[PDB]
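This one's experimental. Sequence and coordinates below.
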Amino acid sequence: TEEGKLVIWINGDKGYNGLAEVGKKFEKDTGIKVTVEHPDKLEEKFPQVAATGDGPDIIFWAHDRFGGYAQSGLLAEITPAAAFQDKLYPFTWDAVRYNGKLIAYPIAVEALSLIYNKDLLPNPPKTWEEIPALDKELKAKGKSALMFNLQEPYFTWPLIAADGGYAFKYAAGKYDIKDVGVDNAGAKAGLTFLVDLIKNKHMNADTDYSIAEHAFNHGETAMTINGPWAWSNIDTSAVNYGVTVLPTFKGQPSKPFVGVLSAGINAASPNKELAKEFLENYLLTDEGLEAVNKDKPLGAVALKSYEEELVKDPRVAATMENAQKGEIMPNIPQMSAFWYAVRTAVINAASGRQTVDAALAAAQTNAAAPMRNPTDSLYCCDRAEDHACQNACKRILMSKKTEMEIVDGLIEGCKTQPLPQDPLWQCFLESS
Ligand SMILES: OC[C@H]1O[C@H](O[C@H]2[C@H](O)[C@@H](O)[C@@H](O)O[C@@H]2CO)[C@H](O)[C@@H](O)[C@@H]1O
Ligand SMILES: [Zn+2]
Ligand SMILES: [Zn+2]
């Protein structure tokens, strides 16, 4: 990062060229150059490189990853005034609150929908259970009923959750990280339905994002499951399509995990005030979100003035219908382990490497695995009386060290007076 310029990371399936146009308008008005990048695996790279000080000023991702980033000390607290907060829907702010603090700007609400080819399939199925017979009919015409990305558990989750699968039990404003619901009867029933689709040759286990997108956009399969970002490529294609409610399973709505695309400010950025200018006054405007949306649709945007108009598009209305049948993702740090566990389980079950029951039993254990965290005490570093110690403290707590190594490193870098009288050490003693 350099002072006086902004670097932004956003995923490659989003409207990064539109976002670059917002960056050009920012540069035109203010002189600040904005560089938009879309690295591979950016949600994993960010915590890796925010440790070498080689991260972006601003990172975009769904809000579920941001609690972990914030817990690890990678994100700055944002400071929107009340008048700006009133411009966005309250529930979008809720998704970017962590430990009582706002840690990112909400951009847009994402939910998966059922996307279908009206020429192949004028009436889409209401139920998952009728898809096998639909596929049989379409196969006689040289087509298939449904293709979607089986390599990312985001896309299979709506089916896993339909009959009662869940990530973490939510009990009175709190998620219980030891109560994981990926191995209950409903999760098993949904994943078994998927595996049976594959066993019966109505889908194949290797289908990924590119294969499913190609197939739908070239008229080869009647349906796909995807989010708003995908509509742009379908529009460019020759396909007459609709976007509608996901099929039910066992008479229950499919329950997608709802993401809020969010923009966080790197805690290590020397440009936090510039990033705030850009996000509040350029991106989160009608004209800024339109520039991104026109490139790849955002979904249901967090900005009320724009969303009130945008929701008139039936595809956005359907996005919110599916969102209301699902659940907003937790943002707790355990979400990374949850997603990795379910990803392995879906892939292993779909490929036949494991049974559904064996895969999900391992997933429950892996998702609930406790993890040793020093960064619980990062707030104590801000009670340091000098900046050198403050920063030494932060590096030590973010360092994967043992408790002994943390204490010892703090003595080396942050002893300026007797420990019992130092607010940093008083905090660490009470906390760690
Ligand atoms: O598959 C696990 C994955 O799901 C979500 O990622 C979504 C993302 O929210 C969408 O905006 C779009 O990019 O598709 C992704 C799935 O490939 C979670 O947000 C993510 O943390 C999680 O790893
Ligand atoms: Zn292609
Ligand atoms: Zn093809």
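Sure, I can see it. Numbers count the residues shown, from 1 in each chain. Ligands and ions are numbered 1, 2, ... in the order given.

Am I right that residue 55 is in contact with residue 264?
No: between residue 55 and residue 264 there is no contact under C-beta atoms under 8 Å: 10.3 Å. Just so you know, the C-beta spots here come from the backbone N, C-alpha and C atoms, and that holds for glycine as well.

higher neighbour count, the two?
Legend: neighbour count by other C-beta atoms under 10 Å for residue 55 and residue 264, higher for residue 264 (28 against 23).

which residues are common contacts for residue 55 and residue 264?
residue 74 (C-beta atoms under 8 Å, 6 or more residues apart in numbering).

which strands and helices sit next to the top helix by length along the chain?
With secondary structure taken from DSSP state H, the chain has its longest helix at helix 335-351. If contacts are counted by 3 or more C-beta pairs under 8 Å, 6 or more residues apart in numbering; DSSP states H and E, helix 335-351 sits against helix 66-71, strand 166-170, helix 185-199, helix 356-368.

quick one, which of the ones you listed is packed in tightest?
helix 66-71 (a mean of 24; mean count of other C-beta atoms under 10 Å).

For that helix, name the packing helices and strands.
If you count contacts as 3+ C-beta pairs under 8 Å, 6+ apart, helix 66-71 packs onto helix 42-49, strand 97-98, strand 257-265, helix 335-351.

What pairs with the helix or strand that the shortest one is followed by, parallel or antiparallel?
Moving toward the C-terminus from strand 97-98, the next helix or strand (DSSP states H and E) is strand 101-102. Looking at strand 101-102 with DSSP bridges, its partner strands are strand 97-98 (antiparallel).

And the strand it pairs with, how far out from the chain middle?
Distance, stretch centre to chain centre, for strand 97-98: 14 Å (C-alpha atoms, centre = their mean, to the nearest Å).

can you check stretch 47-56 too?
On C-alpha atoms, centre = their mean, the centre of stretch 47-56 falls 19 Å from the chain's centre.

Pull out the buried positions in it.
Residues of stretch 47-56 classed as buried: 47, 49-51, 55-56 (neighbour count, 16 or more other C-beta atoms under 10 Å).

How about residues contacting that stretch?
1, 7-9, 37, 46, 68-69, 72, 74, 266-268, 398.

switch to 10 Å and redo it
Applying C-beta atoms under 10 Å, 6 or more residues apart in numbering, the contact partners of stretch 47-56 are 1, 6-10, 35-37, 39, 41-42, 45-46, 59, 65, 68-69, 72-75, 264-269, 275, 336, 395, 398-400.

just stretch 390-400 next, same as before
Contact with stretch 390-400 is made by 47, 50-51, 72-74, 267-268, 372-384, 386, 401, 405-410, 412-414, 424, 428, 432, as judged by C-beta under 10 Å, 6+ apart.

can you give me the helices in the stretch 151-300 of the chain?
157-162, 185-199, 209-217, 231-236, 272-278, 286-295 (DSSP state H, counting those that start in this stretch).

And these: which comes nearest residue 27?
In this view, the helices of the stretch 151-300 of the chain are compared for proximity to residue 27 by C-beta to C-beta, and helix 272-278 is the closest at 9.8 Å.

Pull the distance from stretch 165-181 to the chain's centre.
For stretch 165-181, the distance to the chain centre is 18 Å (C-alpha atoms, centre = their mean).

burial measure for residue 282, as a count.
When neighbours are counted by other C-beta under 10 Å, residue 282 registers 18.

got it, and residue 388?
11.

any idea how far it is from ligand 1?
Using C-beta to the nearest ligand atom, to the nearest Å, one gets 35 Å for the distance from residue 388 to ligand 1.

Residue 414 is in contact with that residue, correct?
Yes: applying C-beta atoms under 10 Å, one finds residue 388 in contact with residue 414, separated by 8.5 Å.

re the thing from before, JSON lines please, covering the buried residues of stretch 47-56 and showing distance to residue 319.
Output for those, formatted as JSON lines (distance: C-beta to C-beta, whole Å):
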{"residue": "47", "distance to residue 319": "29"}
{"residue": "49", "distance to residue 319": "32"}
{"residue": "50", "distance to residue 319": "31"}
{"residue": "51", "distance to residue 319": "35"}
{"residue": "55", "distance to residue 319": "30"}
{"residue": "56", "distance to residue 319": "27"}
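
Which one of those residues is nearest to residue 248?
Nearest member of the buried residues of stretch 47-56 to residue 248, counting by C-beta to C-beta, is residue 47, at 37.6 Å.

residue contacts, residue 209?
13, 148-152, 155, 224, 226, 230.

From those, pick out the ones that also neighbour ligand 1.
By C-beta under 6 Å from any ligand atom, the members of these lying near ligand 1 are 13, 152.

For stretch 96-115, buried residues please.
Buried, per 16+ other C-beta under 10 Å, within stretch 96-115: 96-98, 102-115.

Spell out which parts of this structure neighbour ligand 1.
11, 13, 43, 62, 64-65, 110, 152-154, 227, 259, 339.

Buried subset of those, written for PyMOL?
PyMOL command restricting the residues of the chain next to ligand 1 to the buried ones, with burial defined by 16+ other C-beta under 10 Å:
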select buried, resi 11+13+43+62+64+65+110+152+153+154+227+259+339
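
quick one on the thing from earlier: now the angle from the longest helix of the chain to helix 185-199?
40 degrees (axes from the mean of the first three to the mean of the last three C-alpha atoms, to 10 degrees).

From here on, call the first residue 361.
That works, and once the first residue is 361, the last one we named lands at helix 695-711.

Break this structure down into its domains, please.
In terms of domains, the chain is parsed into 365-470+619-688, 473-615+694-728, 734-791 (source: automatic domain parsing).

Show me how far the second one is from its chain's centre.
What that stands for is domain 473-615+694-728. Centroid displacement of domain 473-615+694-728 relative to its chain, using C-alpha atoms, centre = their mean, is 17 Å.

Residue 469 belongs to a strand?
Yes: under DSSP: H, G, I helix; E, B strand; the rest coil, residue 469 sits within a strand.

who's in contact with it?
Taking C-beta under 10 Å, 6+ apart as the definition, contacts of residue 469 comprise 423, 449, 451-452, 455, 588, 618-621, 658-662, 667, 676, 679-680, 683, 688.

what's across from it in the sheet?
Beta-bridge partners of residue 469, as defined by DSSP bridges: residue 620, residue 660.
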